[PDB]
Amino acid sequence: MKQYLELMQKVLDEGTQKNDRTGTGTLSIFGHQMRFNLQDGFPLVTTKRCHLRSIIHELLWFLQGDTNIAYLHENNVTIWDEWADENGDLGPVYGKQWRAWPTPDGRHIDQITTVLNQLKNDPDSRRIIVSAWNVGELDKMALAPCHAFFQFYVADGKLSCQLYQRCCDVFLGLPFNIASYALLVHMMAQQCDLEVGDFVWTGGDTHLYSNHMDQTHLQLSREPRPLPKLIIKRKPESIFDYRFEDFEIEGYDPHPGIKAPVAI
């Protein structure tokens, strides 16, 4: 996509050298922001071949608030295996803060349900926010939130959303990350009788790993093609009732897939 390639090129030109969680080297920059007009097509990268099968399964998992990987395992999704423990538990990660944030007085807050009430009854509010950065529960998580916080916004019958990403692997994770939220805005709009607007991406320590350099030079040499189109075959009775088969992509025609080797 026109906007994803520029970040890549900017990291190469302005990035500084350094390391990560103490392992492989990187080139990094601090602070970036891009915009995707959802009306111009689903923002799924075409400069390399990608799939939405794991992306879809993970989201419906987040929405249900469970944090054990059973559901992901039934369907053959293996992205969270690396961090899961013996019983298949991961601690109070995303879905748990999204649907039942623990207070100091005895309650569990449903932020998703709160958010739909607001857009539906008071669309001009300046605090339709969802957070997963719960200071008091970080040490119990298997992994501190990366896509940590996002806000919603309404104007002229269109829904928009801005996400704050603290850490981001430009080559291996950025593509996965962008289509994920892109999907949520869509699902949110349908349940709110509204057209989709912009998806705003903001990041912090944005980087490229040295053993991805060759793969990067290669993607930068292929021309981006037209974005595909999302199709929603059904209209669930609510945001908690979507099923795998409700989604379908059209007009997607990517270049060939490229591998991403990681160190351990």
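In this text, residue numbers run from 1 along the sequence as written.
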Taking only the CA atoms, which stretch has the higher mean B-factor in the record, 133-141 or 81-89? 81-89
Quick check: 180-188 versus 67-75, which has the larger average CA B-factor in the record? 67-75
Reading the B-factor column for Cα atoms of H147, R127, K96, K120, the highest value belongs to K120
Taking the values exactly as deposited, rank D193 by C-alpha B-factor within its chain and report the matching third: lowest, middle or highest. highest
So where's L159 on the chain's Cα temperature factor ranking, which third? highest
Splitting the chain's C-alpha B-factors into thirds, which one does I55 fall into? lowest
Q215 - Cα temperature factor, lowest/middle/highest third of chain: highest
Lowest, middle or highest third of the chain for the C-alpha temperature factor of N37? middle
